[PDB]
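Structure first, then comments.
Chain naming here is simple, since letters A, B, ... match the order of the sequence lines and numbering starts at 1 in each. What's counted below: heavy atoms across the whole structure, side chains too, no hydrogens, waters or symmetry copies.
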Amino acid sequence: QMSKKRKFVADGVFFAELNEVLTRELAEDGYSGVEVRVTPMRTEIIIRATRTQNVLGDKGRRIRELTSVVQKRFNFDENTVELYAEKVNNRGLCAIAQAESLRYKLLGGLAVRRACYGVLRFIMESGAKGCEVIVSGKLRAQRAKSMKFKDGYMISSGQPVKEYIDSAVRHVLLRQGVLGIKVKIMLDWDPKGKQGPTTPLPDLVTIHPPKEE
Amino acid sequence: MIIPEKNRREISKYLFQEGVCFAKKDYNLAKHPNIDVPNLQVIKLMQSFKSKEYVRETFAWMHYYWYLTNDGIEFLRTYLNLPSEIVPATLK
Amino acid sequence: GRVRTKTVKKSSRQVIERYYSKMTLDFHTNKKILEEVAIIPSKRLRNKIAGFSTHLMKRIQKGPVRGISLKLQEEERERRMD
Amino acid sequence: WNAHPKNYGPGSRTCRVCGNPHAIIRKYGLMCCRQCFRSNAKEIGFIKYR
Amino acid sequence: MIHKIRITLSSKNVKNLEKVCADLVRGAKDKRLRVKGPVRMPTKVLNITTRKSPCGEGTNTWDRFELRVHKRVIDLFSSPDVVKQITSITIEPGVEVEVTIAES
RNA sequence: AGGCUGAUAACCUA
RNA sequence: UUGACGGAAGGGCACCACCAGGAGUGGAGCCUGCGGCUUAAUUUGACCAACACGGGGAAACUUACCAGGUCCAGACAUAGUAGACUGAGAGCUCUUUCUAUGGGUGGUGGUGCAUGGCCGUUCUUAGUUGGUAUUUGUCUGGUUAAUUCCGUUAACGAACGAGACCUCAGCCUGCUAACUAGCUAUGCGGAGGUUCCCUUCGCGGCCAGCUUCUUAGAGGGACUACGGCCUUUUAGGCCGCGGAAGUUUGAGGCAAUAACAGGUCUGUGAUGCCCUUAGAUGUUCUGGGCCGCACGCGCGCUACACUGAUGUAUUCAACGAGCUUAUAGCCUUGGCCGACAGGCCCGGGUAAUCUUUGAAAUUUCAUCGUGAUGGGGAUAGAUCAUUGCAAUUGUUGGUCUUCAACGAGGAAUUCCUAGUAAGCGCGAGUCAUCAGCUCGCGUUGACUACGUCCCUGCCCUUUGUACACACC
Ligand SMILES: *[C@@H]1O[C@H](CO)[C@@H](O)[C@H](O)[C@H]1O
Ligand SMILES: [K+]
Ligand SMILES: [K+]
Ligand SMILES: [K+]
Ligand SMILES: [K+]
Ligand SMILES: [K+]
Ligand SMILES: [K+]
Ligand SMILES: [K+]
Ligand SMILES: [K+]
Ligand SMILES: [Mg+2]
Ligand SMILES: [Mg+2]
Ligand SMILES: [Mg+2]
Ligand SMILES: [Mg+2]
Ligand SMILES: [Mg+2]
Ligand SMILES: [Mg+2]
Ligand SMILES: [Mg+2]
Ligand SMILES: [Mg+2]
Ligand SMILES: [Mg+2]
Ligand SMILES: [Mg+2]
Ligand SMILES: [Mg+2]
Ligand SMILES: [Mg+2]
Ligand SMILES: [Mg+2]
Ligand SMILES: [Mg+2]
Ligand SMILES: [Mg+2]
Ligand SMILES: [Mg+2]
Ligand SMILES: [Mg+2]
Ligand SMILES: [Mg+2]
Ligand SMILES: [Mg+2]
Ligand SMILES: [Mg+2]
Ligand SMILES: [Mg+2]
Ligand SMILES: [Mg+2]
Ligand SMILES: [Mg+2]
Ligand SMILES: [Mg+2]
Ligand SMILES: [Mg+2]
Ligand SMILES: [Zn+2]
């Protein structure tokens, strides 16, 4: 038995470490996040990935390996933890998925200008209020510089950034050094709460149209 | 790395019995938490498998994560001399 | 200082444009009207809009204002000139 | 080999994320160095309010 | 026959914690059980203050990190089986439910 | 020797 | 043409500017960081925006440095065939029962002027940008903390920053409701005073009641609303009632464009190239060093006393933190032993439950009496205990003794506008032991101003320019 303070910290450290382990094991499977749903008699781990068919493996072989190694590593009782793969509903509104998408294009050899506009164009087609892609490093010359690709709406300051901005940072290990990818997607107000935050922007005021009855 | 033949079997037995293994990057640790073999001998032996593609390696937060591959299962069966119908726990 | 920004001034004029009949010269009644006829995210923003609109209602009483288009008031002026 | 006692002091403790021995945060049992904690703070559940 | 059962709820999310507390009190008022609570313990504010810079150069700026823990205590006067029925409902994520027989 | 100056000269102090 | 600059002009602005002041710092002793010197080594980064900074309070470890001894923790692939010494029997013999080649791996090795990320800074100011050489938009004027607004108008309509926003604090005798928070009443009991009665204290009641005090959810509350006056019909400003609150109520968090060869390769299983890789720059072990002392500098601590020191009596916080239970590893009550330091025993607490019944300055009475004095407590001797595997180059904590400079600090210079400055202590980080540091917390509680552009800078406009590496 440990105190509440340490138990909550220990739960946060488990989530942070699990995400890192999956971020590297499932790097090339579109890994976009994880949700840890601890319940009586069972803790459920839901893995979000754009390409779920590669996370499950042939006849679920890989998802069973991940479950087994996770249970042993984190001192779980056998058959008391489950891993479930899941697909990202709107791949173009997830910055972590777009940052990894841009990463593999650059590794493959696609030009930076062309690759960054492909992501920028795809995100705006998916129904985003705006987007911004930044690539930094040794692009062609020995000296480093930054290229910024921006489109649409964006905010930087205040509380709304936490709810409306979806940002990710990734490193690309190229032959001449490391490029830095930053994808920053501004979401749109979704009252249903699925595509974006349900709470509106603080400065957005809406006047109801009067009725003639 | 001169692993005793008795310790070598335990690693292969455990690795074949369960298609995954893990270790903390701590060479001083006396015993592996899942095998009597010393922690270092587990890390070095599965480094040999990694170079022969018998396992797939992941590292994060000071821990190794190894996963058996199809070739690794083929090799371990001959080494352990077990019936061809037996498979690791992850394949069932 | 206490200068109202475009958010407060713009919203206040729109409210008075299409709810001039409902609005009154009382701040406390006007801020209950804004809850009914508008979606203002924060209470502090709602108070500033209600206070400035109440200021604009007093302006309209004495005469015409620049950025507010009151159709019924406009029709009265047209009849006067014609 | 590794005979020297390692029951207390900086040499006994290391960062759980990176393994570095410096600037370890031991409060609440975090056992992370100050640089790794700032990177992982949001995921752990810590937040900046003021 | 009737015993004072103590239910303790902990969470970082206030809205989820308050939602589960209402679901339990309202779920027990349907069975006409006597309910004491929810009692809100003082909020625990874990605090880590750390240097922003990964090196020691520049103005010494600090980040104050806070992790708030909210705790609720509900006492239900009923049998363990009935309480097990009320608490068995699905609980919101991040809310930790803990049922114990009050030592009185 | 200190101070003044980003620094030197000049200047000021001991 | 755009910028930058000007000992050019105009407008505006900032306690990292000044003014009016407060506390000081600079002088003394000491603590700690930097340079220099010394050294086997005294590892190293950094020079407004380095110098109690690298969370860098190093006994070992840390550790990068120095003197030495080990170990392989050299995957994979190819081809070949009891003694002597010693710091220590560590290794090497005795006794008992791998070698090339490529290719890797490790490295607190080098390059932050090859990089990612993060952070600092320009820059706390209000600034920046599309669509339809460069410019207009983005403005003469008024106004604002604000490129904030009102208006002007060859622009119109938008995007960022600002504001909004989020957190904490301030009001609620209203809502929700509490045996881990209390109050009031009542019952019983103790003590005092006059059997009732009165004062006071203790205990009890999940069927005394209740939520003022405490806790924390949901809401409410301020909008400059109202009055007077001043401003252009404006935007707005000054004063005032009421009000918990009338500076965007207070304080923070977040925070644009474009930049810097700013810092970090010594946070990282971030990383290119280079170096090294078994007489190793890998790793570990022993010992020393990082602290070494003619000297210069920076952040500080303690002081020079009577508005005090000492000895009594007395008395009021807030933020927070806490264990593997092994005899017991964390915070520790109570009892006993001891002058102290500390020790033994029974326990509580994984915590609004136990530590926590929880400070100091101050208040109060006495002593001291202007004397470097009972101010000051450096330096030093003797001795005791605690942490640790280990205390010497004193880890720290006690006891007696020793009793230095310092009598308010030159040129110069920092911070600060209200629960603030200053004083006063407390928790947390580091942590086996060690706080003169840092990050927070409360307690006591002011002087002065409500301005200005004189100094140091900043923003906008006009203007000059032979500057653009941009007046260094
Ligand atoms: C990737 O997509 C998930 C979808 O749930 C979203 O939650 C993350 O914010 C995004 O990065
Ligand atoms: K002084
Ligand atoms: K400093
Ligand atoms: K950099
Ligand atoms: K009595
Ligand atoms: K770095
Ligand atoms: K490097
Ligand atoms: K570190
Ligand atoms: K002394
Ligand atoms: Mg904004
Ligand atoms: Mg803001
Ligand atoms: Mg001023
Ligand atoms: Mg100054
Ligand atoms: Mg002055
Ligand atoms: Mg002083
Ligand atoms: Mg001096
Ligand atoms: Mg001095
Ligand atoms: Mg500055
Ligand atoms: Mg050392
Ligand atoms: Mg050593
Ligand atoms: Mg080394
Ligand atoms: Mg390294
Ligand atoms: Mg640089
Ligand atoms: Mg109350
Ligand atoms: Mg409220
Ligand atoms: Mg800026
Ligand atoms: Mg440089
Ligand atoms: Mg040092
Ligand atoms: Mg300092
Ligand atoms: Mg004295
Ligand atoms: Mg008290
Ligand atoms: Mg004396
Ligand atoms: Mg020390
Ligand atoms: Mg320090
Ligand atoms: Zn770390």
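- Applying the Watson-Crick and G-U wobble criteria (two distances, each under 3.5 Å), G/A20 pairs with nothing in any strand.
- Taken as a pair, G/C183 and G/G209 qualify: Watson-Crick (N1-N3 plus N6-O4 or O6-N4) or G-U wobble (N1-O2 and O6-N3), both under 3.5 Å.
- Contact of C/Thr7 with G/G163 (side chain to base): a donor-acceptor pair of N or O atoms is detected under 3.5 Å.
- Rounded to the nearest Å, the gap between the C1' atom of G/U350 and that of G/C330 is 10 Å.
- Residue note: G/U393 shows a south-type sugar, the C1'-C2'-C3'-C4' torsion being below zero.
- Annotation: G/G189 and G/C316 have their P atoms spaced 32 Å apart (nearest Å).
- Within the structure, a side-chain polar atom (N or O) of A/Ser157 is placed less than 4.0 Å from OP1 or OP2 of G/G161.
- Phosphate proximity of G/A178 to E/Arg72: absent, as no side-chain N or O sits under 4.0 Å from OP1 or OP2.
- Considering only the side chain of E/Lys71, G/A351 comes nearest among G/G55, G/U115, G/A351.
- In this structure, G/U95 forms no base pair with any nucleotide, since neither Watson-Crick nor G-U wobble geometry is met with both distances under 3.5 Å.
- For the pair E/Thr59 and G/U121, the criterion of a side-chain N or O lying under 4.0 Å from OP1 or OP2 is met.
- Contact annotation: C/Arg44 side-chain N/O to G/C165 OP1/OP2 distance is under 4.0 Å.
- Taking only side-chain atoms of C/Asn47, from C-beta outward, the nucleotide of G/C223, G/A235, G/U284 with the closest atom is G/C223.
- Counting only heavy atoms from C-beta outward, the side chains of E/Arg64 and D/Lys48 never approach each other to under 4.5 Å.
- Between the side chain of B/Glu57 and the base of G/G269, a donor-acceptor pair under 3.5 Å is found.
- Nucleotide G/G334 carries an anti base; the chi torsion (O4'-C1'-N9-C4 or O4'-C1'-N1-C2) is more than 90° from 0.
- Nearer to the 5' terminus of RNA chain G, by closest-nucleotide assignment, is the contact made by D/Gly11 (compared with the other of D/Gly11 and D/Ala3).
- Phosphate proximity of G/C431 to D/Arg26: present, with a side-chain N or O under 4.0 Å from OP1 or OP2.
- Checked by distance alone, A/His171 brings no side-chain donor or acceptor within 3.5 Å of a matching partner on the base of G/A270.
- Phosphate proximity of G/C150 to C/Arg13: present, with a side-chain N or O under 4.0 Å from OP1 or OP2.
- Following rounding to the nearest Å, E/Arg51 (CZ) and G/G440 (P) show an atom-to-atom distance of 13 Å.
- With sequence neighbours excluded, the residues forming a ring-ring contact (aromatic ring centres under 6.0 Å, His included) with A/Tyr117 are A/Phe149, listed by chain and number.
- With a negative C1'-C2'-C3'-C4' torsion, the sugar ring of G/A372 falls in the south range.
- E/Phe65 is linked by a ring-ring contact (aromatic ring centres under 6.0 Å, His included) to D/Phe37, counting only residues two or more places apart in sequence or in another chain.
- When heavy atoms are screened at a 4.0 angstrom cut-off, B/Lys25 is found touching base atoms of the nucleic acid.
- Residue D/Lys6 places no side-chain N or O under 4.0 Å from the OP1 or OP2 atom of G/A60.
- Sugar conformation, G/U224: south. The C1'-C2'-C3'-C4' torsion carries a negative sign.
- A 3.5 Å limit on both hydrogen-bonding distances identifies G/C203 as the Watson-Crick or G-U partner of G/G187.
- Among the protein residues, A/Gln1 comes within range of the nucleic acid bases, having at least one heavy atom under 4.0 Å from a base atom.
- Minimum atom distance to the side chain of E/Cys55 is reached by G/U264, of the listed G/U350, G/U264, G/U167.
- Across all strands shown, G/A169 forms a Watson-Crick or G-U wobble pair, both distances under 3.5 Å, with G/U249.
- Between A/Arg175 and the phosphate of G/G272, there is no side-chain N or O to OP1/OP2 separation shorter than 4.0 Å.
- Pairing status of G/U414 against G/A23: a Watson-Crick or G-U wobble pair, both distances under 3.5 Å.
- Nucleotides G/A9 and G/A411, compared at atom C1', are 37 Å apart to the nearest Å.
- If you check every strand for non-hydrogen atoms under 4.0 Å, E/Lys29 touches nothing.
- The side chain of A/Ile155 lies closest to G/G161, out of G/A164, G/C226, G/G161.
- Scanning for salt bridge (charged side-chain N to carboxylate O under 4.0 Å, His left out) contacts around A/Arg73 gives A/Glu17, with sequence neighbours left out.
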Polar atom pairs between nucleotides 78-80 of chain G and protein, under 3.5 Å, N or O only, would you list them?
none

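- The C1'-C2'-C3'-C4' torsion of G/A435 is negative. Its sugar is therefore classed as south.
- The side chain of C/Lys9 places no N or O atom within less than 4.0 Å of a non-bridging phosphate oxygen (OP1 or OP2) of G/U234.
- Rounded to whole Å, the separation between the P atoms of G/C290 and G/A40 comes to 14 Å.
- With its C1'-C2'-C3'-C4' torsion below zero, G/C179 shows a south sugar pucker.
- Rounded to whole Å, the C1' atom of G/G334 lies 15 Å from the corresponding atom of G/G349.
- Under the stacking criterion of a centre-to-centre distance below 5.5 angstrom and an interplanar angle below 30°, C/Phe27 is not stacked against the six-membered ring of G/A225.
- Checked against G/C71, G/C439, G/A75, the side chain of E/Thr49 finds its nearest nucleotide in G/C439.
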Open item on the list: Does the protein touch nucleotides 206-212 of chain G at the base, only the backbone, or not at all? Give it as B, S and - per nucleotide, heavy atoms under 4.0 Å.
Closed with: BS-----
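- For E/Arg40 and G/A218, the shortest distance from a side-chain N or O to OP1 or OP2 is not below 4.0 Å.
- Electrostatic pairing of A/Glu20 and A/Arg24 counts as a salt bridge here, judged by a charged N lying under 4.0 Å from a carboxylate O.
- The side chain of C/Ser42 sits closest to G/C165 out of G/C165, G/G116, G/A75.
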TODO: Show your reasoning for whether side-chain contact (heavy atoms from CB on, under 4.5 Å) applies to A/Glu100 and A/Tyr31.
DONE: CA-CA 8 Å; A/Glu100 298 293 354; A/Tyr31 175 79; over 6 Å; no
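- Applying the ring-ring contact (aromatic ring centres under 6.0 Å, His included) test to residues at least two apart or on different chains, none of the pairs has a partner in residues 24-45 of chain C.
- OP1 or OP2 of G/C226 sits under 4.0 Å from a side-chain N or O of C/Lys58.
- Using a 4.0 Å heavy-atom cutoff across all strands shown, A/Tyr153 reaches sugar-phosphate atoms only and no base atom.
- Contacts of E/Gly58 with the nucleic acid, taken as non-hydrogen atoms under 4.0 Å apart, involve only primed sugar atoms and P, OP1 or OP2.
- Comment: B/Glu57 does not engage B/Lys50 in a salt bridge, judged by the lack of any side-chain N to carboxylate O separation of less than 4.0 angstrom.
- Straight-line distance between the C1' atoms of G/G253 and G/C471: roughly 41 Å, to the nearest whole Å.
- When the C1' atom is compared between G/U144 and G/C13, the two are found 13 Å apart, to the nearest whole Å.
- Toward the 5′ end of RNA chain G lies the nearest nucleotide of A/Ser156, the other residue of the pair B/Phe59 and A/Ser156 mapping further downstream.
- For the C1' atoms, the distance linking G/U42 with G/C65 amounts to 8 Å, nearest Å.
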TODO: Evaluate the criterion side-chain hydrogen bond (donor to acceptor under 3.5 Å, both in side chains) for residue pair C/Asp26 and C/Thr54; output intermediate values, then yes/no.
DONE: CA-CA 7 Å; C/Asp26 176 61; C/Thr54 302; over 6 Å; no
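- For E/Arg40 and E/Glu18, the salt-bridge test passes: some basic side-chain N is under 4.0 Å from an acidic carboxylate O.
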